[PDB]
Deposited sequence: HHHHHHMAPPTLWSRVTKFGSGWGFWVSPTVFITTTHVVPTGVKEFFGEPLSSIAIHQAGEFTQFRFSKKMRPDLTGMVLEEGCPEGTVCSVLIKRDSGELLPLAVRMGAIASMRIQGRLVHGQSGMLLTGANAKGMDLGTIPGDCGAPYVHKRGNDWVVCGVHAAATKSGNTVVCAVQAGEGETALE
């Protein structure tokens, strides 16, 4: 369902993953971002516009890092009832797309503060999956609406972080 180009946007990053929204914009989950380094993907921090809001982190690079990609719409979450796919890659290379029905954008306590997020109920994630994108269609275009940030103890509910 997701073409290979879409999966190719999902990229190992820090303690999890992130997602190339366009040639210059990379999104990930805040808690997976390496701390105490001076460069991401070979580019010095001073050359990257970095925005972090709760568990959503966006990097905008000063050059086309992934020119093979078209730019995708990044939404600030999505409406309750949206069916999204979480494009989970595993370190072995296995692709694990999960279909989830989303709840409403709500306040969730993740790692010591409240952040914006949306719950999803699988219509089997692990900590290392954080940063995987939640995507869906807008007509024939793919849109991305958040990044994987948490899951319930039981496992039946996932949380994606969304922009504020």
query	finding
Regions left out of the model, expressed as runs of the deposited sequence counted from 1	1-6, 130-139, 181-188
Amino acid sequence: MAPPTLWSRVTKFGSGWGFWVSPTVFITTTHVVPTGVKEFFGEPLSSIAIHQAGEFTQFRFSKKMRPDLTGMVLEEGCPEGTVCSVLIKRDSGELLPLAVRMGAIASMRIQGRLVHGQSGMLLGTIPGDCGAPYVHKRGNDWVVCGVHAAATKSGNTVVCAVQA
From here on, numbers count along this sequence of modelled residues.
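In this text, the rigid core denotes the largest set of C-alpha atoms whose superposition between the two forms falls within 1.5 Å.
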{"query": "Which of 104-112 and 38-46 lies farther from this form in 4 other deposited structures of this protein, as RMS of C-alpha positions after a rigid core fit", "finding": "104-112"}
{"query": "Higher-deviation stretch (C-alpha RMS, rigid core fit) in 4 other deposited structures of this protein, choosing from 127-135 and 114-122", "finding": "114-122"}
{"query": "Third-or-more of other entries without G155", "finding": "yes"}
{"query": "Segment of higher mean CA temperature factor, 56-64 or 37-45", "finding": "37-45"}
{"query": "Of 138-146 and 7-15, the one with larger mean CA B-factor", "finding": "138-146"}
{"query": "For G128, the third of its chain into which the C-alpha B factor falls", "finding": "highest"}
{"query": "Third of the chain, ranked by Cα B-factor, where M1 sits", "finding": "highest"}
{"query": "Modelled-residue ranking by C-alpha temperature factor, third containing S92", "finding": "highest"}
{"query": "Chain-relative CA temperature factor third for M108", "finding": "highest"}
{"query": "Cα B factor band for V162 (lowest, middle or highest third within the chain)", "finding": "lowest"}
